[PDB]
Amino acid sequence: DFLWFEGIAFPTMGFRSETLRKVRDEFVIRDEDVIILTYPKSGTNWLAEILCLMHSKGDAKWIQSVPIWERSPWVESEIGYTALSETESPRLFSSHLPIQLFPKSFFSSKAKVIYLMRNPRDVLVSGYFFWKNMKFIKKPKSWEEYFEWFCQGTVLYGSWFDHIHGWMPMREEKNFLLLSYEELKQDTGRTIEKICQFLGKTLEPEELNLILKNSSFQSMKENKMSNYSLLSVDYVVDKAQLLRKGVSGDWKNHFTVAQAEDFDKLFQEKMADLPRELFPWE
């Protein structure tokens, strides 16, 4: 099962309805906050690690000594809700909340949000493999069942189409940056430069080079704090697996031509009201 709150499914561990209500209604957003906004499995941790490394000008001291989920906690989670109000600025944190569930306090604030979007065919695949070792998530019978869950929106954090619809209006706001996992992957340095300019920071060539080096798929895979290897056995069976493949386009190795034709039609029906140029793929 899931924890159901306002029509959206949430994990059965680490979340409470009472907290999620305070998150929306009471949680105080500071103008100095930097917030990562993802639909789950769109590169959230990648971007957190880039962000932590921009902040230290490439120096890996803190990403190797602090668990990634303390460095950029989930505001909607109990532990993150609680930790953040005790944390001095500048706070970095994450959320997979749809706009209507996001702390109301943000909309009168100057806080900076980075929304990362990803091809949902890739998010679908990424999630499909990830949820398997998680002890507390409802597992699909099959690739085909998960595919149908994903398309219907009856998955952790609701529909991708909905998530995206509801955040996209913000793209015209000065304190909203819209990125894609695709562009981040294609030109990581250019993207990091884009993030600096938005955040009003500069980096010297040497510092950028070291953030490229230290946020690589392999650095992260090898970093105990970042690879999810520290999760309790209360949460997970065997290990990880956050860092699976780390590319765009893996959906083609898993969708059948018939699945692909159906998603195309579904995607085309649901995203008709938004500009096609918004979506890098494909």
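Counting begins at 1, following the sequence as shown.
Check: Would 64-72 or 40-48 have the larger average of its C-alpha temperature factors, as given in the entry?
Finding: Of 40-48 and 64-72, the stretch with the higher C-alpha B-factor average is 64-72.
Item checked: Which of 113-121 and 148-156 has higher mean CA B factor, as the PDB entry lists it -> The entry gives the higher C-alpha B-factor average to 148-156.
Note to self: Highest Cα temperature factor in the entry, among the options 164, 101, 79, 210: which one is it?
What the structure shows: When the deposited C-alpha B-factors of 164, 101, 79, 210 are compared, 79 is largest.
Check: Which is it among 53, 34, 29, 236: the one with the largest CA B-factor in the entry?
Finding: When the deposited C-alpha B-factors of 53, 34, 29, 236 are compared, 236 is largest.
Next item on the list: Among all modelled residues of this chain, ranked by Cα B factor, put residue 221 in the bottom, middle or top third, i.e. lowest, middle or highest.
Entry: CA B-factor rank for residue 221: highest third.
Check: Compared with the other modelled residues in the chain, in which third is the CA B-factor of residue 142?
Finding: For residue 142, the deposited C-alpha B-factor lands in the highest third.
Check: For residue 227, does the deposited CA B-factor place it in the lowest, middle or highest third of the chain?
Finding: It belongs to the middle third of the chain when residues are ordered by C-alpha B-factor.
Margin query: Sorting by Cα B-factor within the chain, modelled residues only, which third would residue 248 end up in: lowest, middle or highest?
Written below: Middle third by C-alpha B-factor.
Note to self: For the chain shown, is the CA B-factor of residue 201 in the lowest, middle or highest third of its modelled residues?
What the structure shows: CA B-factor rank for residue 201: highest third.
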